[PDB]
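K.L.:
I'm passing along start.cif; it holds mmCIF, C-alpha atoms and all ligand atoms.
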data_my_file
loop_
_atom_site.label_atom_id
_atom_site.label_comp_id
_atom_site.auth_asym_id
_atom_site.auth_seq_id
_atom_site.Cartn_x
_atom_site.Cartn_y
_atom_site.Cartn_z
CA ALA X 1 39.21 2.56 30.99
CA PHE X 2 37.42 1.22 34.14
CA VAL X 3 34.90 -1.42 33.05
CA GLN X 4 31.86 -2.49 35.04
CA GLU X 5 32.45 -6.02 36.21
CA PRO X 6 29.70 -8.35 34.94
CA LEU X 7 27.07 -9.44 37.42
CA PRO X 8 28.06 -12.90 38.80
CA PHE X 9 24.61 -14.30 37.96
CA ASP X 10 21.81 -13.63 35.47
CA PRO X 11 19.97 -10.42 36.52
CA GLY X 12 16.63 -12.21 36.87
CA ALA X 13 18.10 -15.10 38.92
CA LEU X 14 17.44 -13.49 42.30
CA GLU X 15 13.74 -12.95 41.71
CA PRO X 16 12.64 -16.15 43.51
CA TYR X 17 14.99 -15.12 46.36
CA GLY X 18 13.63 -11.65 47.15
CA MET X 19 15.46 -9.32 44.72
CA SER X 20 13.62 -8.43 41.56
CA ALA X 21 14.84 -8.37 38.01
CA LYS X 22 13.67 -4.73 37.87
CA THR X 23 15.85 -3.95 40.88
CA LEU X 24 18.89 -5.41 39.07
CA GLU X 25 18.04 -3.48 35.89
CA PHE X 26 18.12 -0.17 37.75
CA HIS X 27 20.68 -0.90 40.42
CA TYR X 28 23.31 -2.58 38.25
CA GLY X 29 22.23 -1.21 34.83
CA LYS X 30 21.81 2.44 35.84
CA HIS X 31 23.28 3.21 39.27
CA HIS X 32 26.40 1.04 39.18
CA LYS X 33 27.13 1.78 35.51
CA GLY X 34 26.58 5.47 36.27
CA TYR X 35 29.31 5.36 38.91
CA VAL X 36 31.70 3.68 36.43
CA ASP X 37 30.94 6.42 33.88
CA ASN X 38 31.57 9.26 36.33
CA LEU X 39 34.71 7.60 37.60
CA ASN X 40 35.92 7.34 34.00
CA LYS X 41 34.93 10.96 33.21
CA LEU X 42 36.91 12.21 36.22
CA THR X 43 40.01 9.96 35.83
CA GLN X 44 40.76 9.06 32.20
CA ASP X 45 42.78 12.30 31.61
CA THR X 46 44.83 11.81 34.77
CA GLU X 47 47.38 9.75 36.67
CA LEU X 48 44.56 7.68 38.28
CA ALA X 49 43.55 6.09 34.97
CA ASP X 50 46.36 3.57 35.45
CA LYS X 51 45.37 2.69 39.02
CA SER X 52 43.31 -0.04 40.70
CA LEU X 53 39.90 0.78 42.25
CA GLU X 54 41.38 0.09 45.66
CA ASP X 55 44.34 2.43 45.19
CA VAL X 56 42.08 5.22 43.81
CA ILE X 57 39.90 4.82 46.92
CA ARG X 58 42.78 4.89 49.39
CA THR X 59 44.60 7.72 47.56
CA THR X 60 41.56 10.02 47.30
CA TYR X 61 39.98 9.36 50.70
CA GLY X 62 40.01 12.40 52.98
CA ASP X 63 41.08 14.69 50.09
CA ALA X 64 38.71 17.64 50.00
CA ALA X 65 39.64 18.26 46.37
CA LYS X 66 38.89 14.75 45.09
CA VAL X 67 35.48 13.94 46.62
CA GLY X 68 33.92 13.14 43.26
CA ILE X 69 36.63 10.64 42.35
CA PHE X 70 36.44 9.10 45.84
CA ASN X 71 32.68 8.78 45.89
CA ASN X 72 32.49 7.22 42.42
CA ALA X 73 35.46 4.87 42.85
CA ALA X 74 34.25 3.71 46.26
CA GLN X 75 30.69 3.16 44.87
CA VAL X 76 32.02 1.19 41.90
CA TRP X 77 33.99 -1.03 44.28
CA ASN X 78 31.11 -1.29 46.77
CA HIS X 79 28.59 -2.46 44.12
CA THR X 80 30.85 -5.11 42.77
CA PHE X 81 31.44 -6.31 46.33
CA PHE X 82 27.69 -6.30 46.94
CA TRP X 83 26.80 -8.40 43.87
CA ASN X 84 29.50 -10.93 44.91
CA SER X 85 27.93 -10.98 48.41
CA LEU X 86 24.66 -12.31 46.85
CA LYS X 87 23.75 -15.49 45.05
CA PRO X 88 20.60 -17.29 43.95
CA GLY X 89 19.79 -19.75 46.81
CA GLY X 90 21.97 -18.01 49.33
CA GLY X 91 21.27 -17.85 53.03
CA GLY X 92 21.82 -20.68 55.50
CA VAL X 93 24.63 -20.64 58.02
CA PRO X 94 28.32 -20.20 57.49
CA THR X 95 30.66 -23.16 57.95
CA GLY X 96 34.38 -23.71 58.31
CA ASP X 97 36.77 -20.97 59.35
CA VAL X 98 34.21 -18.19 58.81
CA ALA X 99 31.75 -19.90 61.18
CA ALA X 100 34.44 -20.54 63.74
CA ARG X 101 35.57 -16.91 63.75
CA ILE X 102 31.98 -15.63 63.86
CA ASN X 103 31.35 -17.84 66.89
CA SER X 104 34.48 -16.55 68.64
CA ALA X 105 33.82 -12.81 67.94
CA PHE X 106 29.98 -12.78 68.28
CA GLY X 107 29.18 -15.88 70.37
CA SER X 108 27.08 -17.54 67.65
CA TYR X 109 25.79 -17.08 64.11
CA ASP X 110 22.42 -15.78 65.41
CA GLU X 111 24.25 -13.15 67.50
CA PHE X 112 26.19 -12.06 64.40
CA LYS X 113 22.93 -11.85 62.44
CA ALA X 114 21.43 -9.52 65.06
CA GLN X 115 24.43 -7.23 65.11
CA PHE X 116 24.66 -7.18 61.28
CA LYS X 117 20.95 -6.45 60.99
CA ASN X 118 21.14 -3.71 63.65
CA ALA X 119 24.03 -2.07 61.76
CA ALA X 120 22.23 -2.19 58.44
CA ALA X 121 18.91 -1.01 59.98
CA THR X 122 20.42 1.90 61.92
CA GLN X 123 22.70 3.52 59.35
CA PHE X 124 20.60 6.69 58.99
CA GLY X 125 20.50 7.87 55.43
CA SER X 126 22.39 6.14 52.69
CA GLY X 127 25.13 3.67 53.33
CA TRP X 128 26.33 0.07 53.82
CA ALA X 129 26.72 -2.58 56.51
CA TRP X 130 29.73 -4.91 56.61
CA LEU X 131 31.36 -7.96 58.11
CA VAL X 132 35.10 -7.15 58.38
CA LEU X 133 38.35 -8.54 59.69
CA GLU X 134 40.23 -6.06 61.90
CA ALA X 135 43.32 -6.90 63.97
CA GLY X 136 42.63 -10.58 63.45
CA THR X 137 39.05 -10.46 64.80
CA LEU X 138 35.74 -10.21 63.05
CA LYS X 139 33.60 -7.11 63.49
CA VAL X 140 30.31 -5.76 62.20
CA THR X 141 30.38 -2.17 60.88
CA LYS X 142 28.23 0.41 59.13
CA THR X 143 29.42 3.22 56.84
CA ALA X 144 27.86 6.33 55.37
CA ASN X 145 27.28 7.02 51.70
CA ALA X 146 30.25 5.69 49.71
CA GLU X 147 32.49 4.86 52.65
CA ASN X 148 33.78 1.43 53.03
CA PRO X 149 36.14 -0.60 55.29
CA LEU X 150 39.14 -0.07 53.00
CA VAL X 151 39.49 3.45 54.43
CA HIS X 152 39.31 2.22 58.03
CA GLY X 153 42.17 -0.27 57.91
CA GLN X 154 39.73 -3.19 57.71
CA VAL X 155 39.41 -6.15 55.36
CA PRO X 156 35.82 -6.33 53.98
CA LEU X 157 34.26 -9.80 53.96
CA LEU X 158 30.54 -9.17 53.27
CA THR X 159 28.28 -6.21 52.50
CA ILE X 160 24.70 -5.14 52.22
CA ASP X 161 23.74 -1.91 50.38
CA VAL X 162 21.18 0.09 52.39
CA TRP X 163 20.88 2.97 49.98
CA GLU X 164 17.12 3.08 49.35
CA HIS X 165 17.63 2.28 45.65
CA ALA X 166 18.87 -1.19 46.72
CA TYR X 167 15.45 -2.22 48.09
CA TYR X 168 12.82 0.46 47.40
CA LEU X 169 11.26 -1.23 44.33
CA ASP X 170 10.81 -4.51 46.25
CA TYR X 171 10.36 -3.45 49.94
CA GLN X 172 9.66 0.33 49.82
CA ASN X 173 10.15 1.62 53.37
CA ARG X 174 10.64 -1.93 54.78
CA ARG X 175 14.41 -1.93 55.18
CA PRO X 176 14.32 -4.46 58.04
CA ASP X 177 12.43 -6.97 55.84
CA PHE X 178 14.95 -6.35 53.05
CA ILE X 179 17.80 -7.12 55.45
CA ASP X 180 16.05 -10.31 56.71
CA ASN X 181 15.56 -11.46 53.09
CA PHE X 182 19.27 -10.90 52.43
CA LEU X 183 20.28 -13.10 55.39
CA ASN X 184 17.63 -15.69 54.67
CA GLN X 185 17.83 -16.17 50.89
CA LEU X 186 20.71 -14.24 49.30
CA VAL X 187 23.89 -13.99 51.43
CA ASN X 188 26.82 -15.73 49.70
CA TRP X 189 29.00 -17.42 52.32
CA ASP X 190 31.31 -18.81 49.62
CA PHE X 191 32.33 -15.23 48.83
CA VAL X 192 32.90 -14.43 52.51
CA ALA X 193 35.09 -17.51 52.82
CA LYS X 194 37.16 -16.54 49.79
CA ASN X 195 37.62 -13.08 51.25
CA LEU X 196 38.68 -14.40 54.67
CA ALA X 197 41.16 -16.91 53.18
CA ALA X 198 42.92 -14.09 51.30
CA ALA W 1 1.60 14.03 71.59
CA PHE W 2 3.12 15.21 68.30
CA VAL W 3 0.56 14.78 65.52
CA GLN W 4 1.39 14.42 61.84
CA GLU W 5 0.16 17.56 60.10
CA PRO W 6 -2.41 16.63 57.42
CA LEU W 7 -1.27 16.78 53.86
CA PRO W 8 -2.27 20.19 52.34
CA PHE W 9 -3.93 18.47 49.34
CA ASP W 10 -5.56 15.11 48.61
CA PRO W 11 -2.77 12.45 48.33
CA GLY W 12 -3.78 11.71 44.72
CA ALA W 13 -3.87 15.34 43.62
CA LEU W 14 -0.23 15.53 42.49
CA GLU W 15 -0.53 12.60 40.12
CA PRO W 16 -1.10 14.76 36.97
CA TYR W 17 1.82 16.93 38.17
CA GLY W 18 4.52 14.24 38.41
CA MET W 19 4.17 12.86 41.96
CA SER W 20 2.14 9.64 42.18
CA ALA W 21 -0.51 8.67 44.69
CA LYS W 22 1.61 5.62 45.52
CA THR W 23 4.51 7.96 46.36
CA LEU W 24 2.30 9.95 48.74
CA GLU W 25 1.02 6.73 50.35
CA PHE W 26 4.53 5.57 51.17
CA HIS W 27 6.22 8.90 51.71
CA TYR W 28 3.51 10.55 53.78
CA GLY W 29 1.68 7.41 55.07
CA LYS W 30 4.76 5.43 56.12
CA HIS W 31 7.99 7.45 56.16
CA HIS W 32 6.67 10.69 57.61
CA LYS W 33 4.37 8.98 60.08
CA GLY W 34 7.26 6.78 61.11
CA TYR W 35 9.32 9.77 62.06
CA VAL W 36 6.43 11.16 64.11
CA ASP W 37 6.03 7.79 65.83
CA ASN W 38 9.75 7.66 66.67
CA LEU W 39 9.79 11.27 67.78
CA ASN W 40 6.81 10.52 70.11
CA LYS W 41 8.52 7.34 71.50
CA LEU W 42 11.64 9.30 72.37
CA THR W 43 9.97 12.46 73.73
CA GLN W 44 6.66 11.75 75.35
CA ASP W 45 8.63 10.62 78.40
CA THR W 46 10.21 14.08 78.79
CA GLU W 47 10.81 17.81 78.93
CA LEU W 48 10.60 17.95 75.13
CA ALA W 49 7.07 16.59 74.89
CA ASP W 50 5.48 20.13 74.76
CA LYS W 51 8.06 21.80 72.58
CA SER W 52 7.58 22.94 69.01
CA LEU W 53 9.49 20.86 66.48
CA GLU W 54 11.63 23.91 65.82
CA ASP W 55 12.63 24.08 69.50
CA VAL W 56 13.35 20.32 69.79
CA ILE W 57 15.53 20.57 66.65
CA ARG W 58 17.55 23.51 67.88
CA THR W 59 17.87 22.12 71.43
CA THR W 60 19.03 18.67 70.42
CA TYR W 61 21.33 19.71 67.56
CA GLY W 62 24.83 18.56 68.46
CA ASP W 63 23.79 16.76 71.66
CA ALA W 64 25.57 13.41 71.56
CA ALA W 65 22.84 11.77 73.67
CA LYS W 66 19.91 13.02 71.61
CA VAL W 67 20.77 12.18 67.97
CA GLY W 68 17.64 10.02 67.65
CA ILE W 69 15.35 12.81 68.83
CA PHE W 70 17.17 15.32 66.58
CA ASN W 71 16.95 13.16 63.46
CA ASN W 72 13.33 12.32 63.98
CA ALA W 73 12.20 15.84 64.88
CA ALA W 74 14.20 17.31 62.04
CA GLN W 75 12.60 14.78 59.61
CA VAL W 76 9.09 15.44 60.91
CA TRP W 77 9.64 19.18 60.37
CA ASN W 78 11.34 18.69 56.99
CA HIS W 79 8.53 16.57 55.56
CA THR W 80 5.84 19.00 56.63
CA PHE W 81 7.88 21.81 55.04
CA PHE W 82 8.14 19.69 51.86
CA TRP W 83 4.44 18.98 51.49
CA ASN W 84 3.78 22.73 51.86
CA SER W 85 6.44 23.36 49.21
CA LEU W 86 4.23 21.48 46.78
CA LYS W 87 0.85 22.06 45.21
CA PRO W 88 -1.25 20.69 42.41
CA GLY W 89 -0.62 23.01 39.52
CA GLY W 90 2.54 24.52 40.92
CA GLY W 91 5.49 25.67 38.88
CA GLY W 92 5.62 28.95 37.00
CA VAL W 93 7.63 31.93 38.11
CA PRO W 94 7.69 33.70 41.43
CA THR W 95 6.36 37.26 41.65
CA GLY W 96 6.44 40.11 44.12
CA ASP W 97 9.07 40.31 46.84
CA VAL W 98 10.17 36.69 46.40
CA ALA W 99 10.91 37.42 42.74
CA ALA W 100 12.72 40.66 43.42
CA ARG W 101 14.94 39.07 46.04
CA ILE W 102 15.75 36.12 43.78
CA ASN W 103 16.70 38.58 41.05
CA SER W 104 18.93 40.49 43.48
CA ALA W 105 20.78 37.37 44.62
CA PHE W 106 20.85 35.10 41.59
CA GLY W 107 20.41 37.65 38.78
CA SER W 108 17.27 36.01 37.39
CA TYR W 109 14.80 33.25 38.19
CA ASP W 110 16.42 30.95 35.59
CA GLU W 111 19.79 31.36 37.42
CA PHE W 112 18.10 30.48 40.71
CA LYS W 113 16.69 27.39 39.01
CA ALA W 114 20.21 26.36 37.92
CA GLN W 115 21.66 26.88 41.40
CA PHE W 116 18.75 25.12 43.15
CA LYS W 117 18.92 22.15 40.76
CA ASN W 118 22.68 21.88 41.12
CA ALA W 119 22.29 21.71 44.90
CA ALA W 120 19.52 19.16 44.79
CA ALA W 121 21.36 17.07 42.18
CA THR W 122 24.78 17.04 43.92
CA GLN W 123 23.81 16.28 47.52
CA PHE W 124 25.44 12.86 47.55
CA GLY W 125 23.46 10.35 49.54
CA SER W 126 20.30 11.33 51.36
CA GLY W 127 19.35 14.92 52.08
CA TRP W 128 17.53 18.10 51.04
CA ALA W 129 17.97 21.27 48.98
CA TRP W 130 16.67 24.67 50.11
CA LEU W 131 16.05 28.28 49.28
CA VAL W 132 16.91 30.27 52.39
CA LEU W 133 17.18 33.77 53.66
CA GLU W 134 20.33 34.63 55.61
CA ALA W 135 22.01 37.95 56.49
CA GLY W 136 19.41 39.73 54.35
CA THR W 137 20.00 37.85 51.05
CA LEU W 138 18.72 34.69 49.47
CA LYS W 139 20.76 31.64 48.62
CA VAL W 140 20.51 27.99 47.83
CA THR W 141 21.81 25.36 50.23
CA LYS W 142 21.87 21.62 50.47
CA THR W 143 21.95 19.51 53.62
CA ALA W 144 22.62 15.92 54.51
CA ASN W 145 20.23 13.38 56.01
CA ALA W 146 17.93 15.25 58.43
CA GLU W 147 19.81 18.51 58.66
CA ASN W 148 18.02 21.68 57.64
CA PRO W 149 18.58 25.43 57.63
CA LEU W 150 17.20 25.90 61.17
CA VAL W 151 20.49 24.65 62.65
CA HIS W 152 22.52 26.97 60.41
CA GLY W 153 21.00 30.30 61.43
CA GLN W 154 19.02 30.51 58.19
CA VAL W 155 15.33 31.02 57.52
CA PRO W 156 14.08 28.25 55.22
CA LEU W 157 11.77 29.33 52.37
CA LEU W 158 11.43 26.24 50.11
CA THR W 159 12.70 22.67 50.04
CA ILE W 160 12.94 19.57 47.89
CA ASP W 161 13.46 16.12 49.48
CA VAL W 162 16.25 14.27 47.65
CA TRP W 163 16.15 11.11 49.75
CA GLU W 164 15.61 8.39 47.18
CA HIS W 165 12.21 7.46 48.65
CA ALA W 166 10.88 10.88 47.58
CA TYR W 167 11.29 10.03 43.93
CA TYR W 168 12.26 6.42 43.38
CA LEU W 169 8.75 5.01 42.63
CA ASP W 170 8.21 7.70 39.95
CA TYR W 171 11.71 8.42 38.53
CA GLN W 172 13.95 5.64 39.86
CA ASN W 173 17.57 6.85 39.39
CA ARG W 174 16.46 9.98 37.47
CA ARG W 175 16.91 12.57 40.25
CA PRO W 176 17.54 15.45 37.78
CA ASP W 177 14.20 14.74 36.08
CA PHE W 178 12.49 14.67 39.48
CA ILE W 179 14.00 18.06 40.29
CA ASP W 180 12.92 19.50 36.92
CA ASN W 181 9.41 18.14 37.48
CA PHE W 182 9.28 19.83 40.91
CA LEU W 183 10.25 23.22 39.44
CA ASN W 184 7.94 22.86 36.43
CA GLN W 185 4.76 21.43 37.95
CA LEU W 186 4.94 21.39 41.80
CA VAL W 187 6.78 24.25 43.49
CA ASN W 188 4.45 26.33 45.63
CA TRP W 189 5.49 29.97 45.34
CA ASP W 190 2.70 31.05 47.68
CA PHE W 191 4.28 29.09 50.50
CA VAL W 192 7.65 30.67 49.73
CA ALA W 193 6.09 34.13 49.86
CA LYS W 194 4.43 33.35 53.19
CA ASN W 195 7.72 32.11 54.61
CA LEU W 196 9.55 35.22 53.39
CA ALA W 197 6.96 37.69 54.69
CA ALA W 198 7.23 36.09 58.18
FE FE S 1 23.58 0.78 45.54
FE FE S 2 11.41 12.07 52.67
#
Would you mind writing the file out in structure tokens?
P.N.:
Amino acid sequence: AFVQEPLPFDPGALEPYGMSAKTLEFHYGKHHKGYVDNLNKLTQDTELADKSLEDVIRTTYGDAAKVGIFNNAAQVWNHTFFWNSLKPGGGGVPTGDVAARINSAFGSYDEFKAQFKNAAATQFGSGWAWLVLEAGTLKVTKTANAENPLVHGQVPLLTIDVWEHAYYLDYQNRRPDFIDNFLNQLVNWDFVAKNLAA
Amino acid sequence: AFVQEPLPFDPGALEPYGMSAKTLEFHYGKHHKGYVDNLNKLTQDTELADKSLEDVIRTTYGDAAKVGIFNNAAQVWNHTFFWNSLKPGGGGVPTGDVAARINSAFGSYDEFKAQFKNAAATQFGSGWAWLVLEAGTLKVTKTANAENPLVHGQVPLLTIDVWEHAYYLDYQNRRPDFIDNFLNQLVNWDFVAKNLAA
């Protein structure tokens, strides 16, 4: 069946960098695994058992009869993408082709950071902010709930989860501080670069 | 300006009943006050400064230029309605006209509890569940983000907040347990009866 991808680092390894071991216990151990479980419950009898996360997402998006499958598949994919977007001793500025394309779409890295932070801060309710490639240019986006750039004809490059469970144990109501900490200590530009190259 | 309605009980008084003092500190002290502060920022300039929350909510519903005012006013109203939906030593069964009308619509109080819990448990993302009166009968509804029954031509009687901040410090991912705790130890049937009689 669908299997939860292992975390790309030890679950306590982000604690010096602003994301607690307790957060990883609940967010990866309970929320993310829960989405895998519900995805499996709703697909293992069906034609979608044989299908990639991405294909399940794109197939079931917009289908009023398959909202459960969509929401779970999208969340499974989103919270693998999110863990890959983090690393112990992240932060710093992007280099190489990523940095060049950020400068050309946003003017500078700082101007990207402001737009990315605004997106993440202003998604009202539960959701995600993203760096994406669309029509050969980089863009910052925000999505609601389980939505994700795959359903908007975009290539995802980076995400931050702004569902309250992502940050509430460590920042409570302080989403903006959570977002700053992500940019300052956790963002994984190596992942972004791999995504852009492909 | 708009003033945050005082909590109807001491902020530590729900602790033996499944809602911690810490939760009240953050939820009432920070989240709720924040919405008031934002509502005041966006309205004290204007025509809407003297309006009841209910009137701001109905007036700005659907207005593409006033989403911020809508969301904040709706959340100020929703939180106040939530605190009133709670009491120390709540729970038990409704009586009187509330009970008769629940029996008429749901068949029994236990069936209401099932329907209410289902609604609260399945609102995906951030939102609220409600008992409402509409077209002479009771029903359960759920809403997203800041929406509430006032913009659906329904009279709200009871609510539970299912934004993750409402429960995450006390139950983490365990929303179903949070909802059971509300029904068993917190729901304020007196408030429901007041709302119904009006
Ligand atoms: Fe998450
Ligand atoms: Fe709330």
K.L.:
For region 111-121 of chain W, work out the shell of residues within 8 Å, counting only C-alpha atoms and skipping chain neighbours fewer than 4 positions away, then give it as a PDB file with C-alpha atoms, in the coordinates of the input.
P.N.:
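The resulting file, around_20.pdb, is shown below:
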ATOM      1  CA  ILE W 102      15.750  36.120  43.780  1.00  0.00           C
ATOM      2  CA  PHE W 106      20.850  35.100  41.590  1.00  0.00           C
ATOM      3  CA  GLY W 107      20.410  37.650  38.780  1.00  0.00           C
ATOM      4  CA  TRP W 128      17.530  18.100  51.040  1.00  0.00           C
ATOM      5  CA  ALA W 129      17.970  21.270  48.980  1.00  0.00           C
ATOM      6  CA  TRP W 130      16.670  24.670  50.110  1.00  0.00           C
ATOM      7  CA  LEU W 131      16.050  28.280  49.280  1.00  0.00           C
ATOM      8  CA  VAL W 140      20.510  27.990  47.830  1.00  0.00           C
ATOM      9  CA  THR W 141      21.810  25.360  50.230  1.00  0.00           C
ATOM     10  CA  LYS W 142      21.870  21.620  50.470  1.00  0.00           C
ATOM     11  CA  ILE W 160      12.940  19.570  47.890  1.00  0.00           C
ATOM     12  CA  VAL W 162      16.250  14.270  47.650  1.00  0.00           C
ATOM     13  CA  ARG W 175      16.910  12.570  40.250  1.00  0.00           C
ATOM     14  CA  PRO W 176      17.540  15.450  37.780  1.00  0.00           C
ATOM     15  CA  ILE W 179      14.000  18.060  40.290  1.00  0.00           C
ATOM     16  CA  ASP W 180      12.920  19.500  36.920  1.00  0.00           C
ATOM     17  CA  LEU W 183      10.250  23.220  39.440  1.00  0.00           C
TER      18      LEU W 183
END
K.L.:
Taking only C-alpha atoms and all ligand atoms into account, which of X:126, X:52, X:103, X:173 comes nearest ligand FE 1 (chain S)?
P.N.:
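Of X:126, X:52, X:103, X:173, the one nearest ligand FE 1 (chain S), counting only C-alpha atoms and all ligand atoms, is X:126.
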K.L.:
Of the candidates X:147, X:55, X:45, X:177, which shows the shortest atom-to-atom distance to chain W, using all atoms listed in the file?
P.N.:
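Between X:147, X:55, X:45, X:177, the residue approaching chain W most closely is X:147.
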K.L.:
Please extract the residues at most 12 Å from ligand FE 1 (chain S), counting all atoms listed in the file, and provide them as a PyMOL selection string, using the chain letters and residue numbers of this document.
P.N.:
(chain X and resi 23-35+72+74-83+126-129+145-146+159-168) or (chain W and resi 125+164+173)
K.L.:
Just to confirm, what's the straight-line distance from CA of residue 87 (chain W) to CA of residue 186 (chain W) in Å (one decimal)?
P.N.:
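Straight-line distance from CA of residue 87 (chain W) to CA of residue 186 (chain W) works out to 5.4 Å.
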K.L.:
Mind giving me the straight-line distance from CA of residue 68 (chain X) to CA of residue 124 (chain W) in Å, one decimal?
P.N.:
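It comes out at 9.5 Å.
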K.L.:
Rounded to one decimal in Å, what is the spacing between CA of residue 21 (chain W) and CA of residue 84 (chain W)?
P.N.:
16.4 Å
K.L.:
Of the candidates X:169, X:36, X:57, X:138, which shows the shortest atom-to-atom distance to chain W, using all atoms listed in the file?
P.N.:
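Selected residue with least distance to chain W: X:169.
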K.L.:
Between X:70, X:109, X:178, X:189, single out the one closest to chain W, counting only C-alpha atoms.
P.N.:
X:70
K.L.:
So which one's closest to chain X, W:69, W:157, W:144, W:13? Using all atoms listed in the file, please.
P.N.:
W:144
